Amino acid sequence: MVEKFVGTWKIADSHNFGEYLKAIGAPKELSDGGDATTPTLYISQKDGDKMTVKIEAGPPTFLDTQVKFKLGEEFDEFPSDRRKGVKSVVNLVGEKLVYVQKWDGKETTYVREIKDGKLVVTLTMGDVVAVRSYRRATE
Ligand SMILES: C=CC1=C(C)/C(=C/c2[nH]c(Cc3[nH]c(/C=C4\NC(=O)C(C)=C4C=C)c(C)c3CCC(=O)O)c(CCC(=O)O)c2C)NC1=O
């Protein structure tokens, strides 16, 4: 189930991602150009239940990172966008993956799936919604 996410991905499309980042209160300097950012993801999994994801943030800041979690187990995150007290939990909803972050009383959601070969993520903060899609690297 998670297996279909594993691999290396490069951005292909980005939609309203700068306004999304602006919507979660991310700094202007970090929100500006958000759809021009080219992250590379390195996704792996273990026992069908734990996942690891290394991100190479790429130009210009190279805020490279990694997250490790278990499906269901809430964990603490320290996001590029500079928020605090962030608790995140990831769970399978059917064949989609659902990622929820909570901080400062607030809630944002990330829904990721596979769509004609592309890893597609819909980001939701309120009714501010962004979409980005990744194609296999480099194939
Ligand atoms: C299969 C599951 C899956 C997971 C778990 C996954 C996680 C994931 N995807 C991204 C890209 C990444 N980066 C950012 C934010 C930024 N990007 C920039 O260049 C800058 C400056 C910012 C900060 C303002 C977000 C919101 C995301 C998540 C959206 C995405 O996956 O593309 C991150 C880094 C977010 C951060 O550094 O705080 C993580 C942990 N991607 C997947 O496909």
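Throughout, residue positions are numbered sequentially from 1 according to the sequence presented. Computed from heavy atoms alone, side chains included, the values below leave out hydrogens, waters and symmetry copies.
- Remark: side-chain polar atoms of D35 are paired, donor with acceptor, to backbone N or O of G18 under 3.5 angstrom.
- Listed by chain and number, the residues in a ring pair (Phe, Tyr, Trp, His ring centres under 6.0 Å) with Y110 are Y99 (sequence neighbours excluded).
- Taking hydrophobic clusters as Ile, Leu, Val, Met, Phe, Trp and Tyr residues chained together by side-chain heavy-atom distances below 4.5 Å, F75 shares a cluster with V53.
- Side-chain heavy atoms closer than 4.5 Å link hydrophobic residues (I, L, V, M, F, W, Y) into clusters, and following such links, even through other members, never connects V98 to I43.
- You'll find the side chain of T109 reaches within 4.5 Å of the side chain of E107, heavy atoms only.
- Atom CG of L41 sits about 7.0 Å away from atom CG of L119, to the nearest 0.5 Å.
- Residue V120 belongs to a hydrophobic cluster whose other members are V131, with links defined by side-chain heavy atoms closer than 4.5 Å.
- Across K106, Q101, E19, a single residue satisfies side chain to side chain contact (heavy atoms under 4.5 Å, CB included) together with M125, and that is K106.
- When every heavy atom of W103 is checked against every heavy atom of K84, the shortest pair comes out as CB-O, 3.5 Å.
- Under a cut-off of 6.0 angstrom, the local environment of NZ in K102 is sparse, with at most 12 non-hydrogen atoms contributed by other residues, nucleotides or ligands.
- What you find for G48 and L71 is that their closest heavy atoms are O-CD1, 4.0 Å.
- Annotation: side chain of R132 is in contact with side chain of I11 (closest heavy-atom distance under 4.5 Å).
- Contact detail for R82 and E29: the closest heavy-atom pair is NH2-OE2, 2.8 Å.
- For the pair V129/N16, no side-chain contact is recorded, criterion being any heavy-atom separation below 4.5 Å from C-beta on.
- In this structure, OG1 in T38 is found 8.5 Å from NZ in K10, a value given to the nearest 0.5 Å.
- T37 contributes atom OG1, which lies 7.5 Å from atom CG of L21 (distance to the nearest 0.5 angstrom).
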Please test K87 against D76 for side-chain contact (heavy atoms from CB on, under 4.5 Å), starting from the C-alpha separation and ending with a verdict.
-> CA-CA 5 Å; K87 305 300 191 307; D76 300 27; 3.7 Å; yes
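- Linking ILVMFWY residues whenever their side-chain heavy atoms come closer than 4.5 Å, directly or via other members, places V2 and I114 in the same cluster.
- The shortest side-chain heavy-atom distance between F78 and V86 does not fall under the 4.5 Å cut-off.
- Checked by atom type and distance alone, the side chain of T108 pairs as donor or acceptor with a backbone atom of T124 at under 3.5 Å.
- Residues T52 and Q66 are in side-chain contact: their nearest non-hydrogen atoms beyond the backbone lie under 4.5 Å apart.
- Put simply, the side chain of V90 does not reach to within 4.5 Å of the side chain of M51, judged on heavy atoms.
- To the nearest 0.5 Å, atom NZ of residue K68 and atom CD of residue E73 are 11.0 Å apart.
- Under a hydrophobic-cluster definition in which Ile, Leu, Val, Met, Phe, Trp and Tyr are linked whenever side-chain heavy atoms come within less than 4.5 Å, directly or via other members, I55 and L30 are assigned to different clusters.
- Shortest non-hydrogen contact noted between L97 and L92 is CD1-CD1, 3.7 Å.
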Before giving the answer on side-chain contact (heavy atoms from CB on, under 4.5 Å), spell out for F69 and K50 the whole-Å C-alpha distance, their side-chain angles and the decisive distance to 0.1 Å.
-> CA-CA 6 Å; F69 52 86; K50 286 174 65 169; over 6 Å; no
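- At a threshold of 4.5 Å between non-hydrogen side-chain atoms, the residues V111 and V121 do not count as touching.
- The distance from atom CD of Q45 to atom NZ of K4, rounded to the nearest 0.5 Å, is 13.0 Å.
- Between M1 and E95, the closest side-chain pair of non-hydrogen atoms falls below 4.5 Å.
- Closest of all the heavy-atom pairs between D81 and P27 is O-CD, 3.3 Å.
- The distance from atom NZ of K118 to atom OG of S133, rounded to the nearest 0.5 Å, is 6.5 Å.
- Taken together through direct or relayed side-chain contacts under 4.5 Å among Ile, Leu, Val, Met, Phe, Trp and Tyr, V67 and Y42 form parts of separate hydrophobic clusters.
- Looking at every heavy atom in both residues, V89 comes nearest to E74 through CG2-N, 4.0 Å.
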